[PDB]
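here goes the first bit of my complex:
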Amino acid sequence: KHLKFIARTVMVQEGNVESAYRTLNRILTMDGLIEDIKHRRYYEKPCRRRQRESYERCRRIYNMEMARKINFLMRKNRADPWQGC
């Protein structure tokens, strides 16, 4: 019931349809529509969905913390300033 071609439409620039399609697919993935489509191909039972969401949140937070720790401690990799000791 909406207007057509306003949603998920990308104008091809100079005919590089490959680039335009890549941009469109990037948009879909960023908004998670591909996630929804491929997850809704089949029915995930509510228990499984809850477990999956909890696992995803835990993994996201763990990865964020690990990356932050790695970035924080990377500075110490500088060559030894007291070599020979």
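Everything's here; your move. Residues are numbered from 1 along each chain as shown, chains lettered A, B, ... in the order given.

what sits against residue A:35?
Counting by CB atoms under 8 Å, 6 or more residues apart in numbering, residue A:35 touches residue A:29. In short, each C-beta sits where N, CA and C put it, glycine included.

make it 10 Å
Going by CB atoms under 10 Å, 6 or more residues apart in numbering, residue A:35 touches A:28-29.

I'd like the next helix or strand past the strand or helix carrying it.
Using DSSP states H and E, residue A:35 sits in helix A:33-40. Next helix or strand after helix A:33-40 toward the C-terminus (DSSP H and E): helix A:46-74.

got the angle for that following helix vs helix A:33-40?
Relative orientation of helix A:46-74 and helix A:33-40, computed by axes from the mean of the first three to the mean of the last three CA atoms, to 10 degrees: 140 degrees.

ok now helix A:46-74, how far from the chain's centre?
Offset of helix A:46-74 from its chain centre (CA atoms, centre = their mean, to the nearest Å): 13 Å.

residues of it that come out buried?
Within helix A:46-74, no residue qualifies as buried by neighbour count (16 or more other CB atoms under 10 Å).

swap in stretch A:35-45?
Buried residues in stretch A:35-45, counted by 16+ other CB under 10 Å: none are found.

now the end-to-end length of it.
Taking CA to CA, to the nearest Å, stretch A:35-45 runs 16 Å from one end to the other.

ditto for stretch A:1-16
Terminal-residue distance, stretch A:1-16 (CA to CA): 31 Å.

report the central residue of chain A.
The centroid of chain A falls nearest to residue A:30 when counting by CA atoms, centre = their mean (6.7 Å).

against residue A:6, how distant is residue A:44?
31 Å (CB to CB, to the nearest Å).

quickly find the element holding residue A:26.
Element membership of residue A:26, judged by DSSP H and E, is helix A:17-31.

list of residues touching that helix?
For helix A:17-31, contacts defined as CB under 10 Å, 6+ apart pick out A:8-14, A:16, A:33-37.

quick one: distance of that helix to the chain centre.
14 Å.

and if you look at stretch A:77-85?
38 Å.

now residue A:6: phi and psi?
Here is the backbone geometry of residue A:6 (degrees, to the nearest 10): phi -80, psi -20.

tell me, how many neighbours does it end up with?
By other CB atoms under 10 Å, the residues close to residue A:6 number 7.

with residue A:27 instead?
By other CB under 10 Å, 12 other residues sit near residue A:27.

how close does it sit to residue A:4?
18 Å.

most widely separated two among the contacts of helix A:17-31?
Taking CB to CB as the measure, the contacts of helix A:17-31 span a maximum distance of 31.7 Å, between A:14 and A:36.

and which of the contacts of helix A:17-31 is nearest to residue A:71?
Comparing those against residue A:71 with CB to CB places residue A:35 closest, at 27.5 Å.

and chain B, same structure:
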Amino acid sequence: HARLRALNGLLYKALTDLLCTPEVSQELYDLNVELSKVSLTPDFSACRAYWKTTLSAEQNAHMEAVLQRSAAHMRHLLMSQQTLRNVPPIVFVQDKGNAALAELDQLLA
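So, slotting chain B in with the rest:
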């Protein structure tokens, strides 16, 4: 085994669909990886995804590194999609069989 063959076909299709999009990662998507085939170990201990290699050595190395880094995420994505209830660890193996044909045709030309 027919079950193993069917599993290989389904996993090949699923992995191709996964790589069709940036779902795994934008970095992986930009590399435009093409999968030659999928083979499951007889005991179901591993799933080898044979991907076609390019001519550029640095590109091959970078693609291999990214694939190794994203294998676990791809496994999780499959198990979440329920394409297979249980998926063994995924191993990405370089494929170079077509080089013989290519260089033959080059010489024969």
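
repeat for the contacts of residue A:35, accounting for chain B.
Contact analysis of residue A:35 by CB atoms under 10 Å, 6 or more residues apart in numbering or on different chains lists A:28-29, B:21, B:23, B:77, B:80-81.

max-length helix in chain B?
Across chain B, the longest stretch assigned as helix under DSSP state H is helix B:57-81.

does that helix come close to chain A?
Yes: judged by CB under 10 Å from any CB of the partner chain, helix B:57-81 and chain A are in contact via B:73, B:76-77, B:79-81.

gap between the residue of chain A found nearest chain B and residue B:20?
At 4.4 Å from chain B, residue A:29 is the closest residue in chain A, using CB to the nearest CB. As for residue A:29, its distance to residue B:20 is 10 Å (criterion: CB to CB).

re earlier: give me the buried subset of the residues of helix B:57-81 next to chain A.
When the residues of helix B:57-81 next to chain A are checked for burial by 16 or more other CB atoms under 10 Å in any protein chain shown, the buried set is B:73, B:76-77, B:80-81.

number of residues surrounding the closest residue to residue A:11 other than its chain neighbours?
Of all residues not flanking residue A:11 in the chain, residue A:20 sits nearest, at 7.4 Å (CB to CB, 6 or more residues apart in numbering or on different chains). Neighbour count of residue A:20, defined by other CB atoms under 10 Å in any protein chain shown: 15.

residue B:104 too?
Look at residue B:104: counted by other CB under 10 Å, it has 10 neighbours.

now what about the helix or strand that contains it, what contacts it?
Assigned by DSSP H and E, residue B:104 belongs to helix B:98-108. Applying CB under 10 Å, 6+ apart, the contact partners of helix B:98-108 are B:36, B:52-53, B:55.

if we can go back for a sec, quick check: closest non-adjacent residue to the residue of chain A closest to chain B.
Among residues not flanking residue A:29 along the chain, residue B:22 sits closest, at 4.4 Å (CB to CB, 6+ apart).

I figured that neighbour hits residue B:70, correct?
No: using CB atoms under 10 Å, residue B:22 makes no contact with residue B:70, being 11.2 Å away.

any chance you could list residues touching both of the two?
Common contacts of residue B:22 and residue B:70, defined by CB under 10 Å, 6+ apart, comprise residue B:28.

and the gap between residue A:85 and residue A:79?
From residue A:85 across to residue A:79, the span is 14 Å (CB to CB).

near chain B, which residues of chain A?
Residues of chain A that fall close to chain B, judged by CB under 10 Å from any CB: A:22, A:25-30, A:32, A:34-35, A:38-39, A:41-45, A:48-49, A:52, A:55-56, A:59.

which helix or strand contains the residue nearest to the spatial centre of chain B?
In chain B, the residue lying closest to the centroid (CA atoms, centre = their mean) is residue B:49, at 3.5 Å. Element membership of residue B:49, judged by DSSP H and E, is strand B:47-52.

got it, and residue B:39?
Going by DSSP H and E, residue B:39 is part of strand B:35-40.

one more, chain C:
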Amino acid sequence: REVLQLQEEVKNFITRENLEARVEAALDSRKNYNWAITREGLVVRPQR
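One more piece, chain C, placed on the ones above:
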């Protein structure tokens, strides 16, 4: 103070006596509720 202000407002409410005139005046007029906000919290009222 609250009720005192309310009393003043009631004089400007709508009644059957002023119903038609108020309806026509509203039709002539046009209120606007659209306005964006910048990154710094500056209301950007839209020119008409």
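
back to the neighbour count of residue A:27, now that we've got chain C?
Residue A:27 has 13 neighbours, counted by other CB under 10 Å.

now the residue of chain B found nearest chain A: how far from residue A:6?
The nearest approach of chain B to chain A comes at residue B:22, 4.4 Å away (CB to the nearest CB). For residue B:22, the distance to residue A:6 equals 23 Å [CB to CB].

return the residues in contact with residue B:66.
Going by CB under 10 Å, 6+ apart, residue B:66 touches B:24-25, B:27-28, B:30-31, B:33, B:92.

burial measure for residue C:2, as a count.
Burial of residue C:2 is recorded as 6 neighbouring residues (other CB under 10 Å).

correction: residue B:29
Other residues close to residue B:29 by other CB under 10 Å number 19.

find the nearest non-adjacent residue to it, please.
Counting by CB to CB, 6+ apart, residue B:22 is the residue found nearest to residue B:29 once chain neighbours are left out, at 3.9 Å.

and that neighbour, what are its phi and psi?
Residue B:22 has phi and psi values of phi -70, psi 10 when expressed as degrees, to the nearest 10.

quick one: the helix or strand hosting residue B:10 near chain A?
According to DSSP H and E, residue B:10 maps onto helix B:2-19. Yes: contact of helix B:2-19 with chain A (CB under 10 Å from any CB) involves B:14, B:17-18.

point me to the residue of chain C nearest chain B.
Nearest to chain B, among the residues of chain C, is residue C:39, at 25.4 Å (CB to the nearest CB).

surely the residue nearest to the centre of chain B and residue B:93 touch.
Yes: between residue B:49 and residue B:93 there is a contact at 7.0 Å, judged by CB under 10 Å.

find the residues that touch each one of the two.
Here residue B:49 and residue B:93 have B:36-37, B:39, B:67 as joint contacts, going by CB under 10 Å, 6+ apart.

hmm, which of these are the buried ones?
Burial by neighbour count, 16+ other CB under 10 Å: within the shared contacts of residue B:49 and residue B:93 this picks out B:36, B:39, B:67.

nearest residue to the second one other than its sequence neighbours?
In this structure, residue B:39 finds its nearest non-sequential neighbour in residue B:48, 4.9 Å apart by CB to CB, 6+ apart.

try the last one
Leaving aside its sequence neighbours, residue B:67 sits nearest to residue B:92 (CB to CB, 6+ apart; 4.1 Å).

confirm that the one you found sits in a helix.
No: counting by DSSP: H, G, I helix; E, B strand; the rest coil, residue B:92 falls outside a helix, being strand.

isn't it right up against residue B:49?
Yes: at 5.3 Å, residue B:92 counts as touching residue B:49 under the criterion of CB under 10 Å.

overlap in contacts of those two?
Common neighbours of residue B:92 and residue B:49 (criterion: CB under 10 Å, 6+ apart): B:15, B:33, B:35, B:67, B:71, B:74.
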